[PDB]
Amino acid sequence: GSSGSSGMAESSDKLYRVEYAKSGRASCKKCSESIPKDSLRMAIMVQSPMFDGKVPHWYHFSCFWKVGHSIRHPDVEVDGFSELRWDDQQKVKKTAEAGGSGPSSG
Ligand SMILES: [Zn+2]
C-alpha cells in the first residue's frame, strides 16, 4: 500500500523508452523472466484490461523485437535513445532495421 508522490512533468509522451535497467525487479512479458540489473531493456505503453489503463511493459533487448515491434527512427520515436551513448545508439539502430533478433533455427 505505497503512498506515492505526484509531481512528474513530461514533454514527450513517447510510447517506447529504452534505458539501462536500474534493478532486477522489472519483469518481462515475453520470456516471463526477471530482467537483470544494468541491462539494456525497452518499454512499451499498452492498455491493460484489468488495470483499465496504460502500464509500462518492459521487454528484453531481444524480447522487444520478438513480439514484433519494429521501429524506423528509434532516435525520436523511442525515448532514452538520445540519452544512451554513441555505441548503444548505433547498436539499437542496426537492430531496429533488422526487425528481429533472428529465429534462424537449425
Ligand atoms: Zn524477456
# chains A, B, ... in the order shown; residues from 1 in each chain; ligands from 1
$ residues_around --residues "residue A:61" --least-positions-apart "4" --cutoff "12 Å" --atoms "only C-alpha atoms" --output "PyMOL selection string"
chain A and resi 17-21+28+30-31+35-36+39-43+65-67+69+88+91-92+95-96+99-101
$ write_last_selection --atoms "N, CA and C atoms" --output "CSV table (one decimal), in the first residue's frame"
chain,number,residue,atom,x,y,z
A,17,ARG,N,10.5,3.5,-24.4
A,17,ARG,CA,11.5,4.1,-23.6
A,17,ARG,C,12.6,3.1,-23.3
A,18,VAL,N,13.8,3.2,-23.9
A,18,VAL,CA,14.9,2.3,-23.6
A,18,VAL,C,15.9,3.0,-22.7
A,19,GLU,N,16.3,2.2,-21.7
A,19,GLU,CA,17.3,2.7,-20.7
A,19,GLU,C,17.9,1.5,-19.9
A,20,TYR,N,19.1,1.7,-19.5
A,20,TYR,CA,19.8,0.6,-18.7
A,20,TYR,C,19.1,0.3,-17.4
A,21,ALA,N,18.5,-0.9,-17.3
A,21,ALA,CA,17.8,-1.4,-16.2
A,21,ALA,C,18.4,-0.8,-14.9
A,28,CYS,N,9.4,-9.4,-17.4
A,28,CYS,CA,9.3,-9.4,-18.9
A,28,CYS,C,8.0,-10.1,-19.3
A,30,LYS,N,7.5,-11.4,-22.2
A,30,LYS,CA,7.8,-12.1,-23.5
A,30,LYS,C,8.4,-13.5,-23.1
A,31,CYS,N,9.3,-13.5,-22.2
A,31,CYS,CA,10.0,-14.7,-21.7
A,31,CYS,C,9.6,-15.1,-20.3
A,35,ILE,N,14.2,-9.3,-15.5
A,35,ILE,CA,15.3,-8.5,-16.1
A,35,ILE,C,16.4,-8.2,-15.2
A,36,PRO,N,17.6,-8.5,-15.7
A,36,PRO,CA,18.9,-8.3,-14.9
A,36,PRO,C,19.2,-6.8,-14.7
A,39,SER,N,21.1,-3.8,-17.5
A,39,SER,CA,20.9,-4.4,-18.8
A,39,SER,C,20.1,-3.5,-19.7
A,40,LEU,N,20.4,-3.6,-21.0
A,40,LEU,CA,19.6,-2.8,-22.0
A,40,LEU,C,18.2,-3.4,-22.2
A,41,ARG,N,17.2,-2.7,-21.7
A,41,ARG,CA,15.8,-3.1,-21.9
A,41,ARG,C,15.0,-2.0,-22.5
A,42,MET,N,13.8,-2.4,-23.1
A,42,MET,CA,12.9,-1.4,-23.7
A,42,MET,C,11.6,-1.4,-22.9
A,43,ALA,N,10.8,-0.4,-23.2
A,43,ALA,CA,9.5,-0.3,-22.6
A,43,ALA,C,8.4,0.0,-23.6
A,65,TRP,N,11.9,-7.2,-29.7
A,65,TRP,CA,11.8,-7.4,-31.1
A,65,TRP,C,11.1,-8.7,-31.4
A,66,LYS,N,11.2,-9.7,-30.5
A,66,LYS,CA,10.5,-11.0,-30.7
A,66,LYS,C,9.0,-10.8,-30.9
A,67,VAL,N,8.3,-10.0,-30.0
A,67,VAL,CA,6.9,-9.7,-30.2
A,67,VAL,C,6.6,-9.2,-31.6
A,69,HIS,N,7.8,-5.7,-32.6
A,69,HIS,CA,7.7,-4.2,-32.5
A,69,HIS,C,8.8,-3.5,-33.3
A,88,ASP,N,25.7,2.4,-28.1
A,88,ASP,CA,24.3,1.9,-27.9
A,88,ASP,C,23.4,2.4,-29.1
A,91,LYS,N,24.0,0.6,-32.1
A,91,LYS,CA,23.5,-0.8,-31.9
A,91,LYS,C,22.0,-0.9,-32.1
A,92,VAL,N,21.2,-0.1,-31.3
A,92,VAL,CA,19.8,-0.1,-31.5
A,92,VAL,C,19.4,0.1,-32.9
A,95,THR,N,19.8,-3.0,-35.1
A,95,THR,CA,18.7,-4.0,-34.7
A,95,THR,C,17.4,-3.5,-35.3
A,96,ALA,N,16.9,-2.3,-34.9
A,96,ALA,CA,15.7,-1.8,-35.4
A,96,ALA,C,15.5,-2.1,-36.9
A,99,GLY,N,14.7,-5.7,-37.6
A,99,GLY,CA,13.3,-6.0,-37.2
A,99,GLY,C,13.2,-7.4,-36.6
A,100,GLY,N,14.1,-7.8,-35.7
A,100,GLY,CA,14.1,-9.1,-35.1
A,100,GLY,C,15.5,-9.6,-34.8
A,101,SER,N,15.6,-10.4,-33.7
A,101,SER,CA,16.8,-11.0,-33.3
A,101,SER,C,17.4,-12.0,-34.3
$ select_by_dssp --residues "chain A" --states "alpha helix (DSSP H)" --output "list in words"
residues 63, 64, 65, 66, 86, 87, 88, 89, 90, 91, 92, 93, 94, 95, 96, 97 and 98 of chain A
$ write_last_selection --atoms "N, CA, C and O atoms" --output "short mmCIF file (atom, residue, chain, number, x, y, z; two decimals), in the first residue's frame"
data_model
loop_
_atom_site.label_atom_id
_atom_site.label_comp_id
_atom_site.auth_asym_id
_atom_site.auth_seq_id
_atom_site.Cartn_x
_atom_site.Cartn_y
_atom_site.Cartn_z
N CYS A 63 13.56 -9.67 -26.65
CA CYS A 63 12.13 -9.88 -26.45
C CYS A 63 11.31 -8.78 -27.13
O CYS A 63 10.34 -9.06 -27.83
N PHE A 64 11.72 -7.53 -26.92
CA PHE A 64 11.03 -6.40 -27.52
C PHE A 64 10.86 -6.59 -29.02
O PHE A 64 9.85 -6.19 -29.60
N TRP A 65 11.85 -7.20 -29.65
CA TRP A 65 11.81 -7.45 -31.09
C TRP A 65 11.05 -8.73 -31.40
O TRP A 65 10.38 -8.83 -32.43
N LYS A 66 11.15 -9.71 -30.51
CA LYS A 66 10.47 -10.99 -30.69
C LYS A 66 8.98 -10.77 -30.93
O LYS A 66 8.42 -11.28 -31.90
N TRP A 86 26.89 6.78 -27.69
CA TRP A 86 27.03 6.62 -29.14
C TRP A 86 26.92 5.14 -29.53
O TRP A 86 26.10 4.77 -30.37
N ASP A 87 27.76 4.32 -28.91
CA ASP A 87 27.76 2.88 -29.20
C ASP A 87 26.34 2.33 -29.20
O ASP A 87 25.86 1.84 -30.22
N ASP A 88 25.68 2.40 -28.05
CA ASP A 88 24.32 1.91 -27.92
C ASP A 88 23.44 2.44 -29.05
O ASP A 88 22.79 1.67 -29.76
N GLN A 89 23.41 3.76 -29.20
CA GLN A 89 22.61 4.39 -30.24
C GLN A 89 22.75 3.65 -31.57
O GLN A 89 21.75 3.30 -32.20
N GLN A 90 23.99 3.42 -31.98
CA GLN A 90 24.26 2.72 -33.23
C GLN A 90 23.74 1.29 -33.18
O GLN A 90 23.14 0.81 -34.14
N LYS A 91 23.97 0.62 -32.06
CA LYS A 91 23.51 -0.75 -31.88
C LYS A 91 22.01 -0.87 -32.11
O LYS A 91 21.56 -1.62 -32.98
N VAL A 92 21.24 -0.12 -31.33
CA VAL A 92 19.79 -0.13 -31.45
C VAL A 92 19.35 0.07 -32.90
O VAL A 92 18.41 -0.56 -33.38
N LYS A 93 20.05 0.96 -33.60
CA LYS A 93 19.74 1.25 -35.00
C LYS A 93 19.89 0.00 -35.86
O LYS A 93 18.97 -0.38 -36.58
N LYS A 94 21.05 -0.64 -35.77
CA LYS A 94 21.32 -1.85 -36.54
C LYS A 94 20.21 -2.88 -36.33
O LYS A 94 19.77 -3.53 -37.27
N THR A 95 19.78 -3.03 -35.08
CA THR A 95 18.72 -3.98 -34.74
C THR A 95 17.38 -3.54 -35.32
O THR A 95 16.76 -4.26 -36.09
N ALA A 96 16.94 -2.35 -34.93
CA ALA A 96 15.67 -1.81 -35.41
C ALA A 96 15.48 -2.09 -36.89
O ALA A 96 14.42 -2.55 -37.32
N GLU A 97 16.52 -1.82 -37.68
CA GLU A 97 16.46 -2.04 -39.12
C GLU A 97 16.16 -3.50 -39.43
O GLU A 97 15.31 -3.81 -40.26
N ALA A 98 16.88 -4.40 -38.77
CA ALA A 98 16.69 -5.83 -38.97
C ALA A 98 15.25 -6.25 -38.67
O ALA A 98 14.66 -7.03 -39.41
#
$ residues_around --residues "residue A:26" --least-positions-apart "3" --cutoff "8 Å" --atoms "only C-alpha atoms" --output "ChimeraX atom specification"
/A:23,34-35,58
$ atom_distance --atom1 "atom CA of residue A:84" --atom2 "atom CA of residue A:37"
16.1 Å
$ closest_residue --among "A:103, A:13, A:49, A:56" --to "residue A:77" --atoms "only C-alpha atoms"
A:13
$ closest_residue --among "A:60, A:81, A:15, A:51" --to "residue A:32" --atoms "only C-alpha atoms"
A:60
$ select_by_dssp --residues "stretch 1-105 of chain A" --states "strand (DSSP E)" --output "number ranges by chain"
A: 16-17, 19-20, 40-48, 53-60, 78-79
$ write_last_selection --atoms "N, CA and C atoms" --output "short mmCIF file (atom, residue, chain, number, x, y, z; two decimals), in the first residue's frame"
data_model
loop_
_atom_site.label_atom_id
_atom_site.label_comp_id
_atom_site.auth_asym_id
_atom_site.auth_seq_id
_atom_site.Cartn_x
_atom_site.Cartn_y
_atom_site.Cartn_z
N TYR A 16 7.61 4.30 -26.48
CA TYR A 16 8.71 3.42 -26.08
C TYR A 16 9.75 4.18 -25.26
N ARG A 17 10.50 3.46 -24.44
CA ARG A 17 11.53 4.07 -23.61
C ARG A 17 12.62 3.06 -23.27
N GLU A 19 16.32 2.19 -21.66
CA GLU A 19 17.27 2.67 -20.66
C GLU A 19 17.87 1.50 -19.88
N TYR A 20 19.12 1.66 -19.46
CA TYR A 20 19.81 0.62 -18.71
C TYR A 20 19.06 0.29 -17.42
N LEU A 40 20.37 -3.59 -20.97
CA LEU A 40 19.62 -2.81 -21.96
C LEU A 40 18.23 -3.40 -22.17
N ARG A 41 17.21 -2.67 -21.73
CA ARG A 41 15.83 -3.11 -21.87
C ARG A 41 14.97 -2.00 -22.46
N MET A 42 13.85 -2.40 -23.07
CA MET A 42 12.93 -1.44 -23.68
C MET A 42 11.60 -1.41 -22.93
N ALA A 43 10.78 -0.41 -23.24
CA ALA A 43 9.48 -0.27 -22.60
C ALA A 43 8.38 -0.01 -23.63
N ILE A 44 7.18 -0.48 -23.34
CA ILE A 44 6.05 -0.30 -24.25
C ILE A 44 4.79 0.09 -23.48
N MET A 45 4.09 1.11 -23.97
CA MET A 45 2.87 1.57 -23.33
C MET A 45 1.65 0.88 -23.92
N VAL A 46 1.03 0.00 -23.14
CA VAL A 46 -0.15 -0.73 -23.59
C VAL A 46 -1.31 -0.55 -22.62
N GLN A 47 -2.52 -0.77 -23.12
CA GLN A 47 -3.72 -0.62 -22.30
C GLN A 47 -4.11 -1.96 -21.67
N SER A 48 -4.00 -2.04 -20.35
CA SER A 48 -4.34 -3.26 -19.62
C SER A 48 -5.84 -3.35 -19.38
N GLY A 53 -6.18 0.84 -17.75
CA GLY A 53 -5.33 1.97 -18.07
C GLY A 53 -4.07 1.56 -18.81
N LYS A 54 -3.10 2.46 -18.86
CA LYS A 54 -1.84 2.19 -19.55
C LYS A 54 -0.75 1.82 -18.55
N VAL A 55 0.01 0.78 -18.86
CA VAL A 55 1.09 0.33 -17.99
C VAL A 55 2.37 0.09 -18.79
N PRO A 56 3.51 0.49 -18.21
CA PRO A 56 4.82 0.33 -18.84
C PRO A 56 5.26 -1.13 -18.91
N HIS A 57 5.35 -1.66 -20.13
CA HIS A 57 5.76 -3.05 -20.33
C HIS A 57 7.23 -3.13 -20.74
N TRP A 58 8.05 -3.70 -19.86
CA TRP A 58 9.47 -3.84 -20.12
C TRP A 58 9.76 -5.12 -20.91
N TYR A 59 10.55 -5.00 -21.96
CA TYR A 59 10.90 -6.14 -22.80
C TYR A 59 12.40 -6.18 -23.07
N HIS A 60 13.00 -7.35 -22.87
CA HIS A 60 14.43 -7.52 -23.09
C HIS A 60 14.84 -6.97 -24.46
N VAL A 78 11.65 6.33 -29.95
CA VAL A 78 11.98 5.67 -28.69
C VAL A 78 12.75 6.62 -27.77
N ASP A 79 12.21 6.85 -26.58
CA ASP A 79 12.85 7.72 -25.61
C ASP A 79 14.14 7.11 -25.09
#
$ closest_residue --among "A:33, A:9, A:2, A:14" --to "ligand 1" --atoms "only C-alpha atoms and all ligand atoms"
A:33
$ atom_distance --atom1 "atom CA of residue A:85" --atom2 "atom CA of residue A:72"
19.0 Å
